[PDB]
Amino acid sequence: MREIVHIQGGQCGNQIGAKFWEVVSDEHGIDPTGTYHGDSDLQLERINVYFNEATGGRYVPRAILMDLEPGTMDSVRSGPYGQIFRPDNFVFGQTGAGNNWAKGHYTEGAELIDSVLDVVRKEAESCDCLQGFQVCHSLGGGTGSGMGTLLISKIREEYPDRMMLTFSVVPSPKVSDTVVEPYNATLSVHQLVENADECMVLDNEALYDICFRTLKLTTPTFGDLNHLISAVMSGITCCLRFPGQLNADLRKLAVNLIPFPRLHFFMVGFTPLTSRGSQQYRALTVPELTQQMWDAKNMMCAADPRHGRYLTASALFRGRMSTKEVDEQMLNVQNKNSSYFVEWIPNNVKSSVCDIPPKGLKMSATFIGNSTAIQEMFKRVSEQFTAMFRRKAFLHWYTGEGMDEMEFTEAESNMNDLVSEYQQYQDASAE
Amino acid sequence: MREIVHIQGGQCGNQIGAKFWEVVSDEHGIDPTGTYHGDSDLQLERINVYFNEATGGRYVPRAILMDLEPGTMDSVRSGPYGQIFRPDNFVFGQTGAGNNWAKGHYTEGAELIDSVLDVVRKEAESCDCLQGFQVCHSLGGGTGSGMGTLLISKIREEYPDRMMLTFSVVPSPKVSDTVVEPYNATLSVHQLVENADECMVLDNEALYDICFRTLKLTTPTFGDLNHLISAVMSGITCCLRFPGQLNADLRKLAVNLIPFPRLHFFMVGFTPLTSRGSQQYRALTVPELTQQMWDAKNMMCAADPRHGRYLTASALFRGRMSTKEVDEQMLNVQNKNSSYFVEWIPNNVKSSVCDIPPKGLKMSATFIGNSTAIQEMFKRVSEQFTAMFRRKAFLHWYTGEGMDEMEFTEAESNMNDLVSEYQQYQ
Amino acid sequence: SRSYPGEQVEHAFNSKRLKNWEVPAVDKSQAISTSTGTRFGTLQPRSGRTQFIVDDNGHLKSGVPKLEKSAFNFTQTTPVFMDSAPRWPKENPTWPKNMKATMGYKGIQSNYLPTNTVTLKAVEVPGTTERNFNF
Amino acid sequence: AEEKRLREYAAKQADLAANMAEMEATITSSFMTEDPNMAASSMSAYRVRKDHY
Amino acid sequence: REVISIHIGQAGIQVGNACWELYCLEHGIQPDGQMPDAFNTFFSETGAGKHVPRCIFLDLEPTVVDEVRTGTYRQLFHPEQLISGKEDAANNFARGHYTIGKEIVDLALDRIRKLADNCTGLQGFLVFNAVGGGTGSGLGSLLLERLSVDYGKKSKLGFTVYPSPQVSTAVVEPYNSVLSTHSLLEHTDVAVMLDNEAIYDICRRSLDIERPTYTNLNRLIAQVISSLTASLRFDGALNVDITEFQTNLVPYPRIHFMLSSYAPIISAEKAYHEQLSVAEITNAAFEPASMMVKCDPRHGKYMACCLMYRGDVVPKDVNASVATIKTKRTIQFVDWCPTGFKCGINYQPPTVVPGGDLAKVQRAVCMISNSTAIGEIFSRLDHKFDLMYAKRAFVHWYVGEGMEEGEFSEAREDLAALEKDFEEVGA
Amino acid sequence: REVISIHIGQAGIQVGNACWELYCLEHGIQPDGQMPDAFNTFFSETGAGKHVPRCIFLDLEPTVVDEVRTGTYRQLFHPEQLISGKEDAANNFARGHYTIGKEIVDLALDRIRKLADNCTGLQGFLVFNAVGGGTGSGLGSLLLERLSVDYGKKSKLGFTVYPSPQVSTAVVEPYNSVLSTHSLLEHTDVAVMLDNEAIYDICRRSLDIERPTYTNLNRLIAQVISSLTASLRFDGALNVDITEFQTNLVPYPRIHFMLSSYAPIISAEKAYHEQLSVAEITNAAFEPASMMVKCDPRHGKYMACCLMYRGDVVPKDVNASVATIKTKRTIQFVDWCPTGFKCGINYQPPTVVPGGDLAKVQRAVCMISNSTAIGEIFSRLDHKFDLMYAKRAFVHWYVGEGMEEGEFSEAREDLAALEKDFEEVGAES
Ligand SMILES: Nc1nc2c(ncn2[C@@H]2O[C@H](COP(=O)(O)OP(=O)(O)OP(=O)(O)O)[C@@H](O)[C@H]2O)c(=O)[nH]1
Ligand SMILES: Nc1nc2c(ncn2[C@@H]2O[C@H](COP(=O)(O)OP(=O)(O)OP(=O)(O)O)[C@@H](O)[C@H]2O)c(=O)[nH]1
Ligand SMILES: Nc1nc2c(ncn2[C@@H]2O[C@H](COP(=O)(O)OP(=O)(O)O)[C@@H](O)[C@H]2O)c(=O)[nH]1
Ligand SMILES: Nc1nc2c(ncn2[C@@H]2O[C@H](COP(=O)(O)OP(=O)(O)O)[C@@H](O)[C@H]2O)c(=O)[nH]1
Ligand SMILES: [Mg+2]
Ligand SMILES: [Mg+2]
């Protein structure tokens, strides 16, 4: 019935989606070849949200990979669960953006976007009732940021009522791959704030910190960060795909977390996450889940929410759980540590329950907080953007392409006014 | 019962006519010897449309092959089903036209067309209730265009009542063999607009497009293009040869697709055409057929349809299916893409279903679209024609034969007024 | 249409007794102009002959007045109870929706066969118009 | 109702059979396999067909 | 009492192909032609142990006719009853009404004449056609013309299939339908509309067949015609003939169009859950969600209704249900028809067919009404004829056939007068 | 006699899943639909040997509905009465009242129409909804509006689930509850409040299940509904029908909000130890620690009260207990209501379900009262509605969905007028 169309942009986007589709296929029990071989019949009734029956139990995902160089597509094909994507959905150029947002938004976009729009429209009308689109991408690279952003804009022009999720990774200066990360991210966010329905801000800094501290893995390579992000996405969308005692779709979560149309940048967290040597010692209760959900070191954004106020928050639980305990944990975490919750919105915590656990567990939870500590990361980006734009460094790479300086000026102005609006919604009075 | 006399002109006509008779003789179960070897009874009652019983189960095709070089005849007899034709129907010159439309229309026709006309006239009175003629030729070469065109004019003069199809490939500046292509194409099109009942325009560029992108073939030689065109021909004629839930002959199609006497240039598509690397992922539902039917990358013409408006369209379905789904899919495609359809003709989609799928398949389809994006093709040809006619290049080859300049101007005027009226109806 | 008093059976033809259970039609029952005014009553006697209101073939003569367009119920002036369920082809959350088919998009228009992929060029000047199609 | 269920099940089984049969036929299809044996001519062992070569 | 049924068109004989399957099953006549006297209304009994229908399948394409000739009813369907031409009209009213009809009609007319001479108590004719096509519309109008001048006073029911508003199989079917109606005005006596779209709706709603073909449509159309001829065939507590809808449903000589409906159409499985009693099937036969024509009687006013009942029906509750309907105000009648109903009861329950999708029921209702939502249909169909004729589209086909524009203008103005007729009569 | 039940929302049809299980177990109906005549007020005897309930589950998400369709009561719960949409209203009264309601409500009410036509002696409709959600609020209100315009004077008993003061699952539920109440005012005949933390407290304190789910709550709600329809279903010494609460609890056309209470909700061994009699259960049905709504009637004045008794109850002791309650001054009545009670007695003891947590008991009391603690509740809710409304939070959702600010203002001021009225009624003068 309700349909989620998945879109992946760029190399990080492609690999995030690879792990995500692995997890989803494993959850629904389809084999790496692409045929159903599960046991319980709860798995068949809600795979229309993600797949399409081809021939005798053959389900292919409702996904659109998009890139600019065939290396990513071939790395997708080579991996397990790599033969289930339909080759028609492999749209890809041959030049490569090369960490150039201008190249991703004006030169190659102008002639790749129409083909990718054809593909996305075909896979959108291949189903009956869209829930929405779900795009995964980065804000550092070019072929993901610029191309995916132009795609988002065109999609919001075409289909203005269906929902839109953007799982975006943002750069943060402690781990800085590229040099033009602010030039990319500022323009991308300036476009997001008027196109995207809601955004979840991930960060490799936070992912690495979590894998070091909580999991205590020795070598936490990008595979494990991708698995964490995929766990987050599956915990987001579990409500559609499995029945429960209190369901909550993407539109429901958006309407309960977004109090104003421009305030849609959330920080995410997942529970439980512990080492295999430390899983022997810990207890396993809903309080044990919530103490780790609300812990500030568990947020997948590199921003301490203790430095600001929670505007709204949402929790999605998976597993057979007692709604009494769910409600009272939420109640006490709201009441006790009460300074971190805003005043002019009482009962800030939306919650939902589903009875099917993620693969490998008995109970789990996903937290989505719309806080006002995200203006911290926005300021950290804008300050580097100012530092560069003062001296006009790296500017020719964009200016010799069709872009002008007023684009940068407008991006700066929008970023600054957004952080101002976040600041004064934090510092608003009750009456 | 209702009869189709087939006609092939020139090298291109002979080769696609070869593949065409291979596919048809196969679906009717006729062996390369000429004897029936099918299994069902449903095939026998509708072979008089294409064949004639000669001697004890010997069915020979009702075809006429006309050309000007024996290389075509050897290429006809080289393949299998090469000895199933009739040597009397091999009416054929000896000199060769050679990319000269006037040679195909004035010097060689004057001595060839009488014998071809004798053959086709005897082949016309051989059947009782003739339905119409089928013509397959090219618009680039000389012996196909000129000679076939003159036969078109003569036939329409003798039998002005029956139906008439024309499968014509047209030259393109993107895949171009010869340089006098516009000179031949413009004159032939100029004659087709007054004589032909309707024309279904093919193009080798779009065919290479299909074979490269959809099929993902490595070396799509002419044999494959001829087979795709053959797949189109079988689809356009399935209604006469097999019973179904709703039949629609050629005349029923022309009535439902031609609103104006000069607007008879259709673009054609054919489904299903999926690459064998991606056949494991397909589903087999009339949704999957119509998504490939209305797809712009599946037209066999080099015209982007959504640059203009569909005037009328038709869908010919083969296979056991549900009319409910067929009719509501046509309902959806008309209501969603509301801008791409013309406004003063509601219900632009004719549909028909025939319960017998082609051999080896369970469900197929054929699309015939009368759009106004065809004026892109003709403008693309007319501009090169003007570019050449300004300086009068390559004109002596024609004017030295009897043709004069007013034929070229008349060719320009009808091409321009035609494109002007398509642009008007857009 | 009007429902007349039966004087013996209307006690059994009360709408509530017929399992109607809704607010019944009393339009049909006020148009009678009975003596008591309720459904229990006696009609008025009539005398004389009825002249022809209508012309032939059912067209009202010019002199007699009529309600302007009374054969139909327009949506602007209909009440809320006279509302119908939507039929099939209109989309509704109850019955499933079949897919729609959308005009595709031919590839990037170049001088050779259009494709869905852009290539690296060897020569790039703003006015290059110079490609390498063969692979 | 039981009869209708049985008929539906048989119809679905046969639909799957025909589906797989078409799949196999068109995968082993001469085009999708690009058979050069189709280029052979009938009236010689040396000369080849002009189109399918 | 015998009634002969003619089928003009590719839809017509496909409807007859399901209808006659139902007749032979209901009278227990094996398809080879003999049983292992109610049959006398349909099957003439020749010689000894042989029953040949009173019908003519006539068409222009030989394909579906000789498909009948080669099926299993070679012996039942008789040789000269299956008239077939040589070439089609091809969705062209002119071609089917002036060129080809002139050769097929004399043969069909002098066949049916000797069928009528075989008959003794001829009740009437009933015609089956789709007005969207060329064969059904063109020579259909010509046959009805010559039938009216030959017999005239006998009743001629017509169960036509009009083009649906939004879903369509052809393009020129507005022209064909308008020119067909323009003669169906003064030729048929009672015309019954049967739109394919509403039947697709019904199959989806109640039979929950997600993917029906034309057969399921043909099968339940046969249920309807059988349900309104069963009074002639079998004895009932209150029988009503075929000459009656003549009188009780056509108030004015040019308003003869009927919105048909039927209930209960029900699946094999929903039958277990639902009780089918006389009150609820009389209610369910009045909802627009169970009508055979895609329109809405709530938008208009009922002129008159007929109610055929089959099976386990006693008179008290058909009288109670009609009373309830009268007291309900979701429906309303015109103000010039105080007595707006006609009941009719028959004893035989409707039969089921092997391979059909309908369940076995105790009782059923076939409601045939007359309203002003038909004026709504003609107007919506009038608009899309007005679009295409504004730009002179497709006109060259008809004129090239040999007709002129007087027929176009007079057919459009005749419909305009018909719209005034509905608007004024309903006042 | 018959009474048909409509269930609007994800809470509505879970409550229904508990209630119909209770009904089948009370009337001995197997889940396949047939017995191994009092059932005729809930189950219509279709044909021969089959009962299809007089209810309609309607919902916008297909999940829970086709979960029911796949569950244990496949054959019993009928195929076409379970109405299920395709996409949710998503905690959005506007979406459920203008966008999707206007396409689902006509089919819903044309099902109700033929249910009522099948009916013979209709008592009234009873509706089950939670006003916190999108569906149960929006198309709940739309359905009640069109039912009130189509039927008018019939009884519509609305057992609504309001949001709890401190325990909350949603955020926009103040907007939802206000905009739902604004029409629940003038369309519901008698409304009964059912909060959730109150029942959590009951199950935590009395039934001592330390970890309950929604199912135990739904079981208690089903017990209440059964206890107030048992007078229709089973014969009693003094039976009272549905049309009476209409008359005997609503003194003014806008004051219909009933505090519900039930006693004894007692666990299996507290029951073994305690001795049960009419006097102490009548005492227990009046203390705030046994009510179904999180409020305190000590602060208010009882305007009227109705008491259903079930089981081994004779009129003598109920009269004695009511007398003692009236003489004691712990609870007071409004001055202009000197006869503030309405007793009713039914013979059959409340039945028990295997797996249910309530012990089997010889007698029970269900009180449907009226007070001004509800006027306290509505002000407590208006507080946190005006909080979020002063900054125009979340409003863009509704306005882009199709409402405007005038409706917000009129709902707020309508609740303000209701507050003034609840103040004015309690004054003695
Ligand atoms: N209800 C129903 N309609 C049918 C059936 N078969 C064909 N039709 C309708 O018939 C109309 C077109 O006419 P056809 O039956 O195809 O052929 P025709 O009526 O003889 O007209 P020609 O094609 O010119 O010969 C379409 O609107 C179809 O919907 C059927 O089996 N059932
Ligand atoms: N008492 C009680 N309340 C419930 C139950 N189930 C859900 N709720 C309440 O339902 C409210 C939210 O609305 P839902 O019923 O979940 O969903 P809805 O009403 O259909 O609204 P949508 O989410 O838009 O579909 C919350 O306040 C829950 O407390 C239940 O079993 N018992
Ligand atoms: N979590 C995660 N981050 C990645 C992955 N691949 C690249 N990144 C991050 O993405 C940033 C640059 O993105 P980039 O590779 O340029 O995106 P592109 O435009 O698709 O090439 C770097 O800081 C990387 O740390 C991945 O697989 N997972
Ligand atoms: N599709 C297709 N195109 C052909 C074939 N043979 C020739 N052509 C095209 O037609 C043009 C030459 O036409 P030609 O055969 O010389 O015409 P003719 O001499 O009059 O028969 C070339 O541009 C070819 O691309 C064929 O068998 N199939
Ligand atoms: Mg026909
Ligand atoms: Mg809900």
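The listed protein sequences derive, respectively, from chains U, F, H, E, W and C.
Mapping to UniProt numbering: the first sequence position 383 is 383, numbers consecutive.
Mapping to UniProt numbering: the second sequence position 189 is 189, numbers consecutive.
Mapping to UniProt numbering: the third sequence position 30 is 31, numbers consecutive.
Mapping to UniProt numbering: the fourth sequence position 42 is 252, numbers consecutive.
Residues 2 to 37, 47 to 437 (UniProt numbering) make up the fifth sequence, in order.
Residues 2 to 37, 47 to 439 (UniProt numbering) make up the sixth sequence, in order.
Ideal Cβ positions, reconstructed from N, Cα and C, are used throughout, including at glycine.
What distance in whole Å lies between the Cβ atoms of residue j and residue i, which are believed to be in contact at a cut-off of 8 Å?
| i | j | result |
| --- | --- | --- |
| F/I236 | F/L316 | 7 Å |
| U/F90 | U/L117 | 15 Å between Cβ atoms; not a contact. |
| F/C136 | F/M1 | Not confirmed; about 23 Å, so no contact. |
| F/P87 | F/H6 | Wrong, their Cβ atoms sit about 17 Å apart, outside the cutoff. |
| F/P171 | W/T73 | In fact, because the Cβ distance is near 39 Å, the residues do not count as touching under 8 Å. |
Look up residue i in the DSSP assignment and say whether it is helix, strand or coil.
| i | result |
| --- | --- |
| U/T107 | helix |
| W/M268 | strand |
| W/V234 | helix |
| C/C65 | strand |
| W/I387 | helix |
| F/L395 | coil |
If I follow the unbroken beta strand (DSSP E) through residue i, where does it start and stop?
| i | result |
| --- | --- |
| C/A314 | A314 to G321 |
| U/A63 | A63 to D67 |
| C/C353 | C353 to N356 |
Going by DSSP, which residues form a beta bridge with residue i?
| i | result |
| --- | --- |
| C/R373 | C/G321 |
| F/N370 | F/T312 |
| W/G134 | W/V4 and W/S165 |
| W/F244 | None; W/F244 has no bridge partner. |
Where do the N-terminal and C-terminal ends of the alpha helix (DSSP H) with residue i fall, by residue?
| i | result |
| --- | --- |
| U/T166 | Per DSSP, U/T166 belongs to no alpha helix (DSSP H); it is in the beta strand (DSSP E), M163 to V169. |
> Which ranges does the alpha helix (DSSP H) cover as unbroken runs of at least 4 residues, wholly within the region 235-310 of chain F, from first to last along the chain?
Replying inline: 238-241, 250-257 and 286-293
> At which residue ranges does the region 99-156 of chain F contain complete alpha helix (DSSP H) runs of 4 or more residues, listed in the order of the chain?
Replying inline: 109-125
> Residue ranges of each alpha helix (DSSP H) run of no fewer than 4 residues wholly in the region 157-215 of chain W, ordered along the chain?
Replying inline: 183-197 and 206-215
>> To test your reading of the DSSP string, which unbroken alpha helix (DSSP H) runs of 4 or more residues are found completely within the region 320-357 of chain F?
In response: 323-336
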